[PDB]
Amino acid sequence: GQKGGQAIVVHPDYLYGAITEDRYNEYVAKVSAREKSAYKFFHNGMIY
Amino acid sequence: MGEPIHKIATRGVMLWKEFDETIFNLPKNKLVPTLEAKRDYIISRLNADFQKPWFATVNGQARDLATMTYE
Amino acid sequence: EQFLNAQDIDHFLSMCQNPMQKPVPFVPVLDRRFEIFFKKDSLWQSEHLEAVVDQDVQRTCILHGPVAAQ
Amino acid sequence: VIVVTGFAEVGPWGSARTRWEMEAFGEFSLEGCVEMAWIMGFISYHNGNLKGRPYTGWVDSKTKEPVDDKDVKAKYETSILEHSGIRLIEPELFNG
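From first to last, the protein sequence lines stand for chains A, B, C and D.
Heads up: the first sequence begins at 1647 in PDB author numbering, then just goes up one per residue.
Heads up: the second sequence begins at 850 in PDB author numbering, then just goes up one per residue.
Heads up: the third sequence begins at 992 in PDB author numbering, then just goes up one per residue.
Heads up: the fourth sequence begins at 1018 in PDB author numbering, then just goes up one per residue.
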C-alpha cells in the first residue's frame, strides 16, 4: 500500500548535553534507583 | 505451643506479649493480611525492642531482603 | 549496588530455615512462619548479651519467677 | 524532544534481550540461554522441599529434576536452537 516510513533514533547521550550538571545528577540517581527496583521486579516476576 | 512462660518484663518480652495478644492469636487466614498491614510497625518494634531485629535494616533504615544489596 | 536476585532471596530464606543450623538472630521476612522466627531460640540471649544489637537486656528474654523474685 | 524510554518484543528469538544476543553474538550467553529456556518452558523455578532435601533454583519443567545454570546450556541449547528463529512450521503452534 505504498507505506514508506523512516525514523531516526539518535544516541541518548546527546540529550543529556541539553541539561545542567545538577539535573543530570539527580536524573542519574533516580534511574539508578529505578533500575534496582526494576531488576527486583523483573527477576521476581520471572521466577514466579 | 501456647504454654505460659514467666519472663522478666523486658521490652522484648513486652513486644512478645503484644504480638501474642494482637498477631499470633489471630487465625491463619488472618495472619498474613495483618502482618502485611503492620509490617512497618512490626519492623520498627523488632529493631527497637527485640533481640531478633528485622534483618533488612541497613544503617537503621527499615528495608527489605529484596530492597537490599548483596554487600 | 545491586538488590538481591529473587532466587537468592529464596535461597537465603531456605538456608535461614535450614534445620542443621543455629536459628538466625533476626527475622528475615514477615510471613506465616513469623511466629516461629520470632519465638525460636529465645533463651541464650540472656546469658550471651554480647551477641545483641546494643548488648541491651531490654531486648532479651529472661525466664524468672514473680514470687521468687522477692 | 521525544525519547524511547522503554522497549520490548516477543519474537522468534524470544525477548529483545535474547533476540539481540542471537543477532550480535550469534549465540546465547548463560543469561540469554536461561532466559530462553524459561521462555520456552524448558526450565521452571522451584523453591521448597524437593525429593526431601530443600531445593531453590531451576528444575526441568517436565521431570521436575534440579537443573543447574551451568547445565542449562548443555541440556537445552540444541532444543532452543531447533525450536527458535526461522524454522519449519510447527502445526502445534498454529492449531494443527
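Backbone N, C-alpha and C fix where the C-beta goes; we use that ideal spot for every residue, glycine too.
(request) Give the residues from the segment 1653-1670 of chain A that approach chain D closer than 9 Å (Cβ to any Cβ), ordered along the chain. (result) Correct list: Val1655, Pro1658, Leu1661 and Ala1664.
(request) For the segment 1032-1041 of chain C and the segment 992-1001 of chain C, state whether three or more C-beta atom pairs, one from each stretch, are separated by less than 8 Å. (result) Remark: fewer than three beta-carbon pairs, one from each stretch, lie closer than 8 Å, so the segment 1032-1041 of chain C and the segment 992-1001 of chain C are not flagged as touching.
(message) Using a Cβ-Cβ cutoff of less than 6 Å, which residues in the same chain neighbour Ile1654(A) once the five nearest sequence positions on both sides are dropped?
(response) Non-local C-beta neighbours of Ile1654(A) in its own chain, meaning closer than 6 Å and more than five positions away in sequence, are absent.
(request) Kindly indicate which three-state DSSP category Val907(B) falls into: helix, strand or coil? (result) In the structure shown, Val907(B) sits in a strand (DSSP, three-state: E or B).
(message) Pull the bridge partners of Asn1064(D) from the DSSP assignment, please.
(response) Answer by DSSP bridge pairing, in chain order: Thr1073(D).
(request) Drop a sphere of 10 angstroms on the beta-carbon of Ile1019(D), count the other beta-carbons inside from all chains shown, and report buried for 16 or more, exposed for fewer. (result) Exposed is the call here.
(request) Report the three-state DSSP secondary structure of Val862(B) (helix, strand or coil). (result) Residue state, collapsed to three classes: helix.
(request) Select from the segment 1016-1031 of chain C all residues with a C-beta closer than 8 Å to any C-beta belonging to chain B, and list them in chain order. (result) Near chain B, meaning a CB-to-CB distance below 8 Å, the residues of the segment 1016-1031 of chain C are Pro1016, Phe1017, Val1018, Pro1019, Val1020, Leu1021, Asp1022, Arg1023, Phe1025, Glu1026, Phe1028, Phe1029 and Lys1030.
(message) Can you tell me whether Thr1095(D) is helix, strand or coil according to DSSP?
(response) Residue state for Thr1095(D) is assigned as helix, using DSSP reduced to three classes.
(message) Within 8 Å of any Cβ in chain A, is that where the Cβ of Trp1055(D) sits?
(response) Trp1055(D) has a beta carbon lying within less than 8 Å of a beta carbon in chain A.
(request) List the endpoints of the continuous alpha helix (DSSP H) containing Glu1048(D). (result) Per DSSP, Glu1048(D) belongs to the alpha helix (DSSP H) from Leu1047 to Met1057.
(request) Could you work out which residue in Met1006(C), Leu1021(C), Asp1032(C) and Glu1026(C) is closest to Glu885(B) when comparing CA atoms only? (result) With distances taken between CA atoms, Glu885(B) lies nearest to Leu1021(C) out of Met1006(C), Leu1021(C), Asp1032(C) and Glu1026(C).
(message) Which complete beta strand (DSSP E) runs does the segment 1015-1045 of chain C hold, if anything under 3 residues is left out?
(response) Complete beta strand (DSSP E) runs here, min 3: none at all.
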